[PDB]
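Shown here is one chain on its own, the form deposited in one PDB entry, set out as structure tokens.
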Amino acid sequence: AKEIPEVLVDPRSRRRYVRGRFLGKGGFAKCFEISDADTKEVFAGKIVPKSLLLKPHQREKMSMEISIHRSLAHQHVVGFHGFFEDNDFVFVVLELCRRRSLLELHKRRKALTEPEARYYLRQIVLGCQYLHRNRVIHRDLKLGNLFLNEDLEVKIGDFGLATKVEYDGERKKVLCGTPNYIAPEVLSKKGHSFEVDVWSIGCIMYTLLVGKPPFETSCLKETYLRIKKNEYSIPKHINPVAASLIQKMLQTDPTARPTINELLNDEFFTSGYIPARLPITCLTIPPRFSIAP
């Protein structure tokens, strides 16, 4: 094997990070809490060994992820605080999100209450508005990529499938990777762009409100077939205003969906209660939003 160092030094910034506890691993990366030995402030470190970056294509994907993410700064995007490397590893320094992601929330709570769905969906949309106006398509928005800080604020992360739109009307023809909430224009390989992320948000909203994803089966290719056929249903207990907005977003024709900028003007948002914040108990117990002191 090749061992990961206990202290990480960036020679340009002159900065040292002590490697703390293990956060998880996925794709090519192992992740740890890392504290700046000097400033003592804590980060999420993503460490990827160069032994798995032997092919130029895999290196280029890494370089792109970093290039896209380093140029982003927004309240609902994961803060990018630096990156550096030695002969064995690439280290990326990211904003630590102490409440993990909406994945862990969903596992614990299943369907959320409408106001909670509204609260998270608004921050997800705001994050994505920022992306899209800077010509970035995320292309893998999912529960696992929507991180939550201490105050239950959403931070969009994992730009491993993101791409920049370089000219007006550019249709991306290729997507290297397998998103979760994957849009029909991708699956048929007919060309794709910004609308891909609105599709994913539609899936996310369905999941948050219903407690299961709209095209789930026990087989991935069977699911892609459902998505091709637009074969989902919205349970009757879902409110019509929410159901309508889901249906607008989850449409086969990309050009028929709303754009990211329209969404917060939908009646789902403008005529429903949007809490200003959620108490920490919302990780565990459904909130009833009492008017009581």
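One-based numbering along the sequence shown.
The stretch with the higher mean CA B factor, choosing between 263 to 271 and 22 to 30, is 22 to 30. Take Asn230, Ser51, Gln58, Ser67 and read off each C-alpha B-factor from the entry; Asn230 has the highest. Per-chain ranking of the deposited C-alpha B factor places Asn87 in the highest third.
Split the chain's modelled residues into thirds by C-alpha temperature factor. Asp158 is in the middle one. The entry lists a Cα temperature factor for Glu222 that places it in the lowest third of the chain's modelled residues.
In the deposited entry, the Cα temperature factor of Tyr119 places it in the middle third of its chain's modelled residues. The PDB entry assigns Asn149 a C-alpha temperature factor belonging to the middle third of its chain's modelled residues.
FYI, the form solved in complex with a partner chain isn't displayed, but the following is about it.
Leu143 falls outside the set of residues with a heavy atom inside 4.5 Å of the partner chain in the deposited bound form. In the deposited bound form, none of the heavy atoms of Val93 sits within 4.5 Å of a heavy atom of the partner chain.
Shown alone here, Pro279 lies within 4.5 Å of the partner chain in the deposited bound form, counting heavy atoms only. Within 4.5 Å of any heavy atom of the partner chain in the deposited bound form lies no heavy atom of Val9. Of the candidate stretches 98 to 106, 197 to 205, 126 to 134, 85 to 93, only 98 to 106 contains residues with a heavy atom within 4.5 Å of the partner chain in the deposited bound form.
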